[PDB]
$ cat structure_22.tsv   # TSV, N, CA, C and O atoms
chain	number	residue	atom	x	y	z
A	4	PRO	N	17.22	-3.20	22.81
A	4	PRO	CA	16.98	-3.97	21.57
A	4	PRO	C	17.40	-3.15	20.35
A	4	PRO	O	18.58	-3.05	20.06
A	5	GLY	N	16.39	-2.56	19.70
A	5	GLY	CA	16.58	-1.67	18.55
A	5	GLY	C	15.74	-2.10	17.38
A	5	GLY	O	16.24	-2.01	16.28
A	6	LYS	N	14.50	-2.49	17.67
A	6	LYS	CA	13.50	-3.03	16.74
A	6	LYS	C	14.12	-4.17	15.95
A	6	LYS	O	13.51	-4.59	15.02
A	7	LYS	N	15.26	-4.68	16.39
A	7	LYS	CA	15.93	-5.74	15.64
A	7	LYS	C	16.53	-6.75	16.60
A	7	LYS	O	17.31	-6.39	17.48
A	8	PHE	N	16.16	-8.02	16.42
A	8	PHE	CA	16.64	-9.08	17.30
A	8	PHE	C	17.02	-10.28	16.45
A	8	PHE	O	16.73	-10.35	15.25
A	9	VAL	N	17.71	-11.24	17.07
A	9	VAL	CA	18.02	-12.53	16.41
A	9	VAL	C	17.33	-13.65	17.17
A	9	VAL	O	17.13	-13.56	18.35
A	10	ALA	N	16.99	-14.68	16.43
A	10	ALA	CA	16.26	-15.78	17.05
A	10	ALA	C	16.46	-17.07	16.28
A	10	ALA	O	16.59	-17.07	15.05
A	11	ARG	N	16.46	-18.18	17.01
A	11	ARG	CA	16.59	-19.49	16.41
A	11	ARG	C	15.21	-20.01	16.04
A	11	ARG	O	14.29	-19.93	16.86
A	12	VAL	N	15.07	-20.52	14.82
A	12	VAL	CA	13.79	-21.06	14.37
A	12	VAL	C	13.50	-22.35	15.12
A	12	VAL	O	14.38	-23.21	15.28
A	13	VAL	N	12.27	-22.48	15.62
A	13	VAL	CA	11.87	-23.63	16.41
A	13	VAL	C	10.58	-24.19	15.83
A	13	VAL	O	9.95	-23.60	14.95
A	14	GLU	N	10.19	-25.35	16.33
A	14	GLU	CA	8.88	-25.90	16.03
A	14	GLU	C	7.91	-25.47	17.12
A	14	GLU	O	8.20	-25.62	18.31
A	15	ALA	N	6.79	-24.90	16.70
A	15	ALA	CA	5.77	-24.43	17.65
A	15	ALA	C	5.29	-25.61	18.49
A	15	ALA	O	5.20	-26.70	17.97
A	16	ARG	N	4.97	-25.34	19.74
A	16	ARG	CA	4.48	-26.39	20.64
A	16	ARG	C	3.08	-26.03	21.12
A	16	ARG	O	2.65	-24.93	20.92
A	17	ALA	N	2.42	-26.93	21.84
A	17	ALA	CA	1.07	-26.62	22.34
A	17	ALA	C	1.10	-25.39	23.24
A	17	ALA	O	0.18	-24.61	23.18
A	18	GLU	N	2.13	-25.26	24.08
A	18	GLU	CA	2.24	-24.10	24.98
A	18	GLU	C	2.38	-22.78	24.20
A	18	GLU	O	2.22	-21.78	24.83
A	19	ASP	N	2.64	-22.81	22.89
A	19	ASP	CA	2.78	-21.58	22.13
A	19	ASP	C	1.45	-20.99	21.67
A	19	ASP	O	1.40	-19.84	21.25
A	20	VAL	N	0.36	-21.77	21.73
A	20	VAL	CA	-0.91	-21.27	21.21
A	20	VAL	C	-1.29	-20.00	21.95
A	20	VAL	O	-1.29	-19.96	23.19
A	21	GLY	N	-1.58	-18.95	21.20
A	21	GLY	CA	-1.88	-17.65	21.77
A	21	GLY	C	-0.68	-16.72	21.86
A	21	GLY	O	-0.87	-15.53	22.15
A	22	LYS	N	0.50	-17.24	21.59
A	22	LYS	CA	1.72	-16.42	21.69
A	22	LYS	C	2.01	-15.72	20.36
A	22	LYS	O	1.61	-16.21	19.36
A	23	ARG	N	2.72	-14.61	20.44
A	23	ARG	CA	3.11	-13.86	19.23
A	23	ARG	C	4.23	-14.63	18.53
A	23	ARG	O	5.20	-14.96	19.16
A	24	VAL	N	4.04	-14.92	17.25
A	24	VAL	CA	5.08	-15.62	16.45
A	24	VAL	C	5.05	-15.05	15.03
A	24	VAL	O	4.18	-14.30	14.70
A	25	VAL	N	6.08	-15.38	14.31
A	25	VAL	CA	6.08	-15.23	12.86
A	25	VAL	C	6.22	-16.62	12.26
A	25	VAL	O	7.04	-17.42	12.72
A	26	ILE	N	5.43	-16.89	11.24
A	26	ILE	CA	5.47	-18.19	10.52
A	26	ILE	C	6.67	-18.17	9.58
A	26	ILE	O	6.82	-17.26	8.87
A	27	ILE	N	7.44	-19.24	9.60
A	27	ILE	CA	8.66	-19.32	8.80
A	27	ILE	C	8.35	-20.09	7.52
A	27	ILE	O	7.95	-21.26	7.60
A	28	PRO	N	8.51	-19.48	6.35
A	28	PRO	CA	8.21	-20.19	5.10
A	28	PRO	C	9.31	-21.20	4.77
A	28	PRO	O	10.34	-21.30	5.44
A	29	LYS	N	9.04	-21.98	3.73
A	29	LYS	CA	9.99	-22.99	3.28
A	29	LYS	C	11.28	-22.34	2.80
A	29	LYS	O	11.27	-21.26	2.20
A	30	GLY	N	12.40	-23.01	3.07
A	30	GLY	CA	13.72	-22.50	2.75
A	30	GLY	C	14.55	-22.17	3.97
A	30	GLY	O	15.79	-22.11	3.87
A	31	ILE	N	13.92	-21.93	5.11
A	31	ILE	CA	14.60	-21.68	6.37
A	31	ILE	C	14.23	-22.82	7.31
A	31	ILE	O	13.05	-23.13	7.49
A	32	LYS	N	15.25	-23.46	7.88
A	32	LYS	CA	15.11	-24.71	8.62
A	32	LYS	C	14.99	-24.47	10.12
A	32	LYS	O	15.46	-23.46	10.65
A	33	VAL	N	14.36	-25.42	10.80
A	33	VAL	CA	14.49	-25.49	12.25
A	33	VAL	C	15.96	-25.48	12.59
A	33	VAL	O	16.76	-26.20	11.98
A	34	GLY	N	16.34	-24.67	13.58
A	34	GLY	CA	17.71	-24.54	13.99
A	34	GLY	C	18.44	-23.40	13.32
A	34	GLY	O	19.44	-22.90	13.86
A	35	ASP	N	17.99	-22.99	12.14
A	35	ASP	CA	18.55	-21.80	11.50
A	35	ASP	C	18.28	-20.57	12.35
A	35	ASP	O	17.26	-20.45	13.01
A	36	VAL	N	19.21	-19.62	12.29
A	36	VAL	CA	19.08	-18.36	12.99
A	36	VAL	C	18.64	-17.31	11.98
A	36	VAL	O	19.11	-17.31	10.83
A	37	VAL	N	17.70	-16.45	12.38
A	37	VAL	CA	17.21	-15.36	11.54
A	37	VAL	C	17.36	-14.05	12.29
A	37	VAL	O	17.26	-14.00	13.52
A	38	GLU	N	17.60	-12.99	11.54
A	38	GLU	CA	17.52	-11.63	12.05
A	38	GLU	C	16.13	-11.09	11.73
A	38	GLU	O	15.64	-11.24	10.61
A	39	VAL	N	15.47	-10.52	12.74
A	39	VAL	CA	14.10	-10.04	12.61
A	39	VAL	C	14.09	-8.55	12.93
A	39	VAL	O	14.62	-8.13	13.96
A	40	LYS	N	13.50	-7.76	12.04
A	40	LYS	CA	13.45	-6.32	12.20
A	40	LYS	C	12.02	-5.86	12.05
A	40	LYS	O	11.38	-6.14	11.03
A	41	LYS	N	11.50	-5.20	13.08
A	41	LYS	CA	10.20	-4.56	13.00
A	41	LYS	C	10.37	-3.25	12.24
A	41	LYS	O	11.19	-2.41	12.63
A	42	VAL	N	9.63	-3.09	11.16
A	42	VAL	CA	9.79	-1.91	10.31
A	42	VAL	C	8.67	-0.91	10.54
A	42	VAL	O	7.61	-1.24	11.08
B	6	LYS	N	16.06	-17.16	2.12
B	6	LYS	CA	16.85	-15.95	2.44
B	6	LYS	C	16.10	-14.93	3.29
B	6	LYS	O	16.30	-14.95	4.49
B	7	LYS	N	15.31	-14.07	2.65
B	7	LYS	CA	14.71	-12.89	3.32
B	7	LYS	C	13.24	-12.78	2.95
B	7	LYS	O	12.92	-13.03	1.83
B	8	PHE	N	12.40	-12.40	3.90
B	8	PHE	CA	10.97	-12.26	3.59
B	8	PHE	C	10.33	-11.24	4.52
B	8	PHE	O	10.93	-10.88	5.49
B	9	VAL	N	9.16	-10.79	4.11
B	9	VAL	CA	8.33	-9.88	4.89
B	9	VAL	C	7.15	-10.68	5.42
B	9	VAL	O	6.58	-11.51	4.71
B	10	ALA	N	6.77	-10.43	6.67
B	10	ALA	CA	5.62	-11.11	7.25
B	10	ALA	C	5.03	-10.23	8.33
B	10	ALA	O	5.64	-9.25	8.78
B	11	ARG	N	3.83	-10.59	8.76
B	11	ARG	CA	3.15	-9.92	9.85
B	11	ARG	C	3.12	-10.85	11.05
B	11	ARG	O	2.92	-12.06	10.91
B	12	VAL	N	3.33	-10.27	12.24
B	12	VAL	CA	3.30	-11.06	13.45
B	12	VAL	C	1.88	-11.55	13.69
B	12	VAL	O	0.90	-10.80	13.55
B	13	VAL	N	1.75	-12.83	14.01
B	13	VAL	CA	0.46	-13.48	14.20
B	13	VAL	C	0.43	-14.09	15.60
B	13	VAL	O	1.46	-14.29	16.25
B	14	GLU	N	-0.79	-14.40	16.04
B	14	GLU	CA	-1.01	-15.18	17.24
B	14	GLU	C	-1.02	-16.65	16.85
B	14	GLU	O	-1.82	-17.06	15.99
B	15	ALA	N	-0.14	-17.45	17.45
B	15	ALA	CA	-0.05	-18.86	17.13
B	15	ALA	C	-1.37	-19.56	17.44
B	15	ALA	O	-2.03	-19.24	18.43
B	16	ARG	N	-1.70	-20.55	16.64
B	16	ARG	CA	-2.96	-21.27	16.84
B	16	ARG	C	-2.69	-22.77	16.96
B	16	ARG	O	-1.60	-23.18	16.74
B	17	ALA	N	-3.73	-23.51	17.28
B	17	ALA	CA	-3.55	-24.95	17.47
B	17	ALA	C	-2.98	-25.62	16.22
B	17	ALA	O	-2.14	-26.53	16.33
B	18	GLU	N	-3.40	-25.16	15.03
B	18	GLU	CA	-2.90	-25.70	13.77
B	18	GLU	C	-1.43	-25.37	13.51
B	18	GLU	O	-0.85	-25.93	12.58
B	19	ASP	N	-0.81	-24.48	14.29
B	19	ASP	CA	0.61	-24.21	14.08
B	19	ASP	C	1.52	-25.18	14.83
B	19	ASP	O	2.73	-25.18	14.58
B	20	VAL	N	0.97	-25.99	15.73
B	20	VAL	CA	1.81	-26.90	16.50
B	20	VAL	C	2.57	-27.80	15.54
B	20	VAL	O	1.99	-28.43	14.66
B	21	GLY	N	3.89	-27.82	15.68
B	21	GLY	CA	4.73	-28.58	14.79
B	21	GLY	C	5.29	-27.79	13.62
B	21	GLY	O	6.18	-28.30	12.93
B	22	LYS	N	4.83	-26.56	13.39
B	22	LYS	CA	5.27	-25.75	12.27
B	22	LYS	C	6.49	-24.92	12.65
B	22	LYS	O	6.72	-24.63	13.82
B	23	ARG	N	7.25	-24.53	11.63
B	23	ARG	CA	8.41	-23.67	11.84
B	23	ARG	C	7.96	-22.25	12.15
B	23	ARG	O	7.20	-21.65	11.38
B	24	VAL	N	8.40	-21.72	13.29
B	24	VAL	CA	8.10	-20.36	13.74
B	24	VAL	C	9.34	-19.74	14.37
B	24	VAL	O	10.32	-20.42	14.69
B	25	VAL	N	9.33	-18.45	14.64
B	25	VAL	CA	10.20	-17.71	15.56
B	25	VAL	C	9.31	-17.08	16.63
B	25	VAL	O	8.23	-16.56	16.33
B	26	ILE	N	9.68	-17.16	17.82
B	26	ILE	CA	8.98	-16.54	18.93
B	26	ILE	C	9.30	-15.05	18.95
B	26	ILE	O	10.47	-14.67	18.86
B	27	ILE	N	8.28	-14.24	19.13
B	27	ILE	CA	8.46	-12.77	19.08
B	27	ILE	C	8.64	-12.22	20.49
B	27	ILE	O	7.81	-12.44	21.29
B	28	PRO	N	9.70	-11.45	20.75
B	28	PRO	CA	9.92	-10.88	22.06
B	28	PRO	C	8.96	-9.73	22.36
B	28	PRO	O	8.22	-9.35	21.54
B	29	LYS	N	9.07	-9.19	23.57
B	29	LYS	CA	8.20	-8.09	24.02
B	29	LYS	C	8.52	-6.83	23.22
B	29	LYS	O	9.66	-6.65	22.85
B	30	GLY	N	7.52	-6.00	22.98
B	30	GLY	CA	7.81	-4.77	22.23
B	30	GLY	C	7.33	-4.83	20.81
B	30	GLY	O	7.22	-3.80	20.21
B	31	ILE	N	7.14	-6.02	20.28
B	31	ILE	CA	6.61	-6.21	18.90
B	31	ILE	C	5.20	-6.80	19.00
B	31	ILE	O	5.06	-7.84	19.57
B	32	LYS	N	4.23	-6.16	18.38
B	32	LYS	CA	2.85	-6.61	18.60
B	32	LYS	C	2.27	-7.38	17.43
B	32	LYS	O	2.83	-7.38	16.39
B	33	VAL	N	1.17	-8.04	17.71
B	33	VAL	CA	0.44	-8.78	16.66
B	33	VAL	C	0.04	-7.76	15.59
B	33	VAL	O	-0.45	-6.72	15.92
B	34	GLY	N	0.22	-8.12	14.35
B	34	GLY	CA	-0.07	-7.22	13.26
B	34	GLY	C	1.12	-6.40	12.80
B	34	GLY	O	1.06	-5.83	11.70
B	35	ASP	N	2.18	-6.32	13.60
B	35	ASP	CA	3.39	-5.62	13.19
B	35	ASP	C	4.04	-6.31	12.00
B	35	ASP	O	4.14	-7.54	11.96
B	36	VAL	N	4.50	-5.51	11.05
B	36	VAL	CA	5.25	-6.02	9.91
B	36	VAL	C	6.70	-6.18	10.31
B	36	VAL	O	7.29	-5.27	10.90
B	37	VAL	N	7.30	-7.32	9.97
B	37	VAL	CA	8.71	-7.55	10.23
B	37	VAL	C	9.37	-8.02	8.95
B	37	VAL	O	8.74	-8.62	8.07
B	38	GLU	N	10.66	-7.71	8.83
B	38	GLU	CA	11.50	-8.28	7.79
B	38	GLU	C	12.40	-9.32	8.43
B	38	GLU	O	13.02	-9.05	9.46
B	39	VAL	N	12.47	-10.50	7.82
B	39	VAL	CA	13.17	-11.64	8.40
B	39	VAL	C	14.20	-12.11	7.39
B	39	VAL	O	13.87	-12.30	6.21
B	40	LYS	N	15.42	-12.30	7.89
B	40	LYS	CA	16.46	-12.87	7.01
B	40	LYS	C	17.34	-13.86	7.76
B	40	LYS	O	17.68	-13.65	8.85
B	41	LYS	N	17.69	-14.92	7.06
B	41	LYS	CA	18.56	-15.95	7.62
B	41	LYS	C	19.96	-15.36	7.76
B	41	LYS	O	20.36	-14.61	6.92
B	42	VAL	N	20.60	-15.69	8.87
B	42	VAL	CA	21.99	-15.27	9.16
B	42	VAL	C	22.87	-16.37	8.61
B	42	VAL	O	22.52	-17.50	8.69

$ encode --input "structure_22.tsv" --output "C-alpha cells"
Amino acid sequence: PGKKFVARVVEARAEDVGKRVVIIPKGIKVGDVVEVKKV
Amino acid sequence: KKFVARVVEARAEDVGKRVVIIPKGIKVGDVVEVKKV
C-alpha cells in the first residue's frame, strides 16, 4: 500500500454498519474517486 | 476537493450516506486526508 490508497465513493448499506469508513462531505459525489492518505 | 477526517465506525444512521470503505491497516480514529482525483 503506502498509507495511501484510492477508492470509489459509495452509498453505505446495512451490511456496512460496524465497518471502518470515512464520511464524505458535500462536494464529492457517489462514483467519484478519492485518494486517501493516513497521516 | 480535499478534506481532513477521522475514520469512524459506520452506524445505522449512515445507511444511504456517501462514504469510502477503509481497507485493512487503517484503524478507527486514524486521521486521513482525502482528495478527489

$ atom_distance --input "structure_22.tsv" --atom1 "atom O of residue 42 in chain A" --atom2 "atom O of residue 10 in chain B"
8.6 Å

$ interface_residues --input "structure_22.tsv" --of "chain A" --to "chain B" --cutoff "6 Å" --atoms "only N, CA, C and O atoms" --output "PDB file with N, CA, C and O atoms, in the coordinates of the input"
ATOM      1  N   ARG A  11      16.460 -18.180  17.010  1.00  0.00           N
ATOM      2  CA  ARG A  11      16.590 -19.490  16.410  1.00  0.00           C
ATOM      3  C   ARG A  11      15.210 -20.010  16.040  1.00  0.00           C
ATOM      4  O   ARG A  11      14.290 -19.930  16.860  1.00  0.00           O
ATOM      5  N   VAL A  12      15.070 -20.520  14.820  1.00  0.00           N
ATOM      6  CA  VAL A  12      13.790 -21.060  14.370  1.00  0.00           C
ATOM      7  C   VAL A  12      13.500 -22.350  15.120  1.00  0.00           C
ATOM      8  O   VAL A  12      14.380 -23.210  15.280  1.00  0.00           O
ATOM      9  N   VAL A  13      12.270 -22.480  15.620  1.00  0.00           N
ATOM     10  CA  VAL A  13      11.870 -23.630  16.410  1.00  0.00           C
ATOM     11  C   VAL A  13      10.580 -24.190  15.830  1.00  0.00           C
ATOM     12  O   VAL A  13       9.950 -23.600  14.950  1.00  0.00           O
ATOM     13  N   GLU A  14      10.190 -25.350  16.330  1.00  0.00           N
ATOM     14  CA  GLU A  14       8.880 -25.900  16.030  1.00  0.00           C
ATOM     15  C   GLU A  14       7.910 -25.470  17.120  1.00  0.00           C
ATOM     16  O   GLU A  14       8.200 -25.620  18.310  1.00  0.00           O
ATOM     17  N   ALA A  15       6.790 -24.900  16.700  1.00  0.00           N
ATOM     18  CA  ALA A  15       5.770 -24.430  17.650  1.00  0.00           C
ATOM     19  C   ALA A  15       5.290 -25.610  18.490  1.00  0.00           C
ATOM     20  O   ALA A  15       5.200 -26.700  17.970  1.00  0.00           O
ATOM     21  N   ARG A  16       4.970 -25.340  19.740  1.00  0.00           N
ATOM     22  CA  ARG A  16       4.480 -26.390  20.640  1.00  0.00           C
ATOM     23  C   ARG A  16       3.080 -26.030  21.120  1.00  0.00           C
ATOM     24  O   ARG A  16       2.650 -24.930  20.920  1.00  0.00           O
ATOM     25  N   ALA A  17       2.420 -26.930  21.840  1.00  0.00           N
ATOM     26  CA  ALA A  17       1.070 -26.620  22.340  1.00  0.00           C
ATOM     27  C   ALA A  17       1.100 -25.390  23.240  1.00  0.00           C
ATOM     28  O   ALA A  17       0.180 -24.610  23.180  1.00  0.00           O
ATOM     29  N   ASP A  19       2.640 -22.810  22.890  1.00  0.00           N
ATOM     30  CA  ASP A  19       2.780 -21.580  22.130  1.00  0.00           C
ATOM     31  C   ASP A  19       1.450 -20.990  21.670  1.00  0.00           C
ATOM     32  O   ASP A  19       1.400 -19.840  21.250  1.00  0.00           O
ATOM     33  N   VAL A  20       0.360 -21.770  21.730  1.00  0.00           N
ATOM     34  CA  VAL A  20      -0.910 -21.270  21.210  1.00  0.00           C
ATOM     35  C   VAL A  20      -1.290 -20.000  21.950  1.00  0.00           C
ATOM     36  O   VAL A  20      -1.290 -19.960  23.190  1.00  0.00           O
ATOM     37  N   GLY A  21      -1.580 -18.950  21.200  1.00  0.00           N
ATOM     38  CA  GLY A  21      -1.880 -17.650  21.770  1.00  0.00           C
ATOM     39  C   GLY A  21      -0.680 -16.720  21.860  1.00  0.00           C
ATOM     40  O   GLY A  21      -0.870 -15.530  22.150  1.00  0.00           O
ATOM     41  N   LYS A  22       0.500 -17.240  21.590  1.00  0.00           N
ATOM     42  CA  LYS A  22       1.720 -16.420  21.690  1.00  0.00           C
ATOM     43  C   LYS A  22       2.010 -15.720  20.360  1.00  0.00           C
ATOM     44  O   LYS A  22       1.610 -16.210  19.360  1.00  0.00           O
ATOM     45  N   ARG A  23       2.720 -14.610  20.440  1.00  0.00           N
ATOM     46  CA  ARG A  23       3.110 -13.860  19.230  1.00  0.00           C
ATOM     47  C   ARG A  23       4.230 -14.630  18.530  1.00  0.00           C
ATOM     48  O   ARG A  23       5.200 -14.960  19.160  1.00  0.00           O
ATOM     49  N   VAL A  24       4.040 -14.920  17.250  1.00  0.00           N
ATOM     50  CA  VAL A  24       5.080 -15.620  16.450  1.00  0.00           C
ATOM     51  C   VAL A  24       5.050 -15.050  15.030  1.00  0.00           C
ATOM     52  O   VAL A  24       4.180 -14.300  14.700  1.00  0.00           O
ATOM     53  N   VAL A  25       6.080 -15.380  14.310  1.00  0.00           N
ATOM     54  CA  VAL A  25       6.080 -15.230  12.860  1.00  0.00           C
ATOM     55  C   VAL A  25       6.220 -16.620  12.260  1.00  0.00           C
ATOM     56  O   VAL A  25       7.040 -17.420  12.720  1.00  0.00           O
ATOM     57  N   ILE A  26       5.430 -16.890  11.240  1.00  0.00           N
ATOM     58  CA  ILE A  26       5.470 -18.190  10.520  1.00  0.00           C
ATOM     59  C   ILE A  26       6.670 -18.170   9.580  1.00  0.00           C
ATOM     60  O   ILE A  26       6.820 -17.260   8.870  1.00  0.00           O
ATOM     61  N   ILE A  27       7.440 -19.240   9.600  1.00  0.00           N
ATOM     62  CA  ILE A  27       8.660 -19.320   8.800  1.00  0.00           C
ATOM     63  C   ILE A  27       8.350 -20.090   7.520  1.00  0.00           C
ATOM     64  O   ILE A  27       7.950 -21.260   7.600  1.00  0.00           O
ATOM     65  N   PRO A  28       8.510 -19.480   6.350  1.00  0.00           N
ATOM     66  CA  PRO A  28       8.210 -20.190   5.100  1.00  0.00           C
ATOM     67  C   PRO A  28       9.310 -21.200   4.770  1.00  0.00           C
ATOM     68  O   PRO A  28      10.340 -21.300   5.440  1.00  0.00           O
ATOM     69  N   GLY A  30      12.400 -23.010   3.070  1.00  0.00           N
ATOM     70  CA  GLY A  30      13.720 -22.500   2.750  1.00  0.00           C
ATOM     71  C   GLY A  30      14.550 -22.170   3.970  1.00  0.00           C
ATOM     72  O   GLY A  30      15.790 -22.110   3.870  1.00  0.00           O
ATOM     73  N   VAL A  36      19.210 -19.620  12.290  1.00  0.00           N
ATOM     74  CA  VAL A  36      19.080 -18.360  12.990  1.00  0.00           C
ATOM     75  C   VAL A  36      18.640 -17.310  11.980  1.00  0.00           C
ATOM     76  O   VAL A  36      19.110 -17.310  10.830  1.00  0.00           O
ATOM     77  N   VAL A  37      17.700 -16.450  12.380  1.00  0.00           N
ATOM     78  CA  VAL A  37      17.210 -15.360  11.540  1.00  0.00           C
ATOM     79  C   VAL A  37      17.360 -14.050  12.290  1.00  0.00           C
ATOM     80  O   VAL A  37      17.260 -14.000  13.520  1.00  0.00           O
ATOM     81  N   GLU A  38      17.600 -12.990  11.540  1.00  0.00           N
ATOM     82  CA  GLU A  38      17.520 -11.630  12.050  1.00  0.00           C
ATOM     83  C   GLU A  38      16.130 -11.090  11.730  1.00  0.00           C
ATOM     84  O   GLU A  38      15.640 -11.240  10.610  1.00  0.00           O
ATOM     85  N   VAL A  39      15.470 -10.520  12.740  1.00  0.00           N
ATOM     86  CA  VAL A  39      14.100 -10.040  12.610  1.00  0.00           C
ATOM     87  C   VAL A  39      14.090  -8.550  12.930  1.00  0.00           C
ATOM     88  O   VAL A  39      14.620  -8.130  13.960  1.00  0.00           O
ATOM     89  N   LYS A  40      13.500  -7.760  12.040  1.00  0.00           N
ATOM     90  CA  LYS A  40      13.450  -6.320  12.200  1.00  0.00           C
ATOM     91  C   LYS A  40      12.020  -5.860  12.050  1.00  0.00           C
ATOM     92  O   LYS A  40      11.380  -6.140  11.030  1.00  0.00           O
ATOM     93  N   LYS A  41      11.500  -5.200  13.080  1.00  0.00           N
ATOM     94  CA  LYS A  41      10.200  -4.560  13.000  1.00  0.00           C
ATOM     95  C   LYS A  41      10.370  -3.250  12.240  1.00  0.00           C
ATOM     96  O   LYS A  41      11.190  -2.410  12.630  1.00  0.00           O
ATOM     97  N   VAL A  42       9.630  -3.090  11.160  1.00  0.00           N
ATOM     98  CA  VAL A  42       9.790  -1.910  10.310  1.00  0.00           C
ATOM     99  C   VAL A  42       8.670  -0.910  10.540  1.00  0.00           C
ATOM    100  O   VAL A  42       7.610  -1.240  11.080  1.00  0.00           O
TER     101      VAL A  42
END

$ atom_distance --input "structure_22.tsv" --atom1 "CA of residue 31 in chain A" --atom2 "atom C of residue 9 in chain A"
13.7 Å

$ atom_distance --input "structure_22.tsv" --atom1 "CA of residue 4 in chain A" --atom2 "CA of residue 34 in chain A"
21.9 Å

$ axis_aligned_box --input "structure_22.tsv" --around "range 28-40 of chain A" --padding-each-side "5 Å" --output "lines of an AutoDock Vina configuration file"
center_x = 13.8
center_y = -16.0
center_z = 8.1
size_x = 21.2
size_y = 30.3
size_z = 21.8
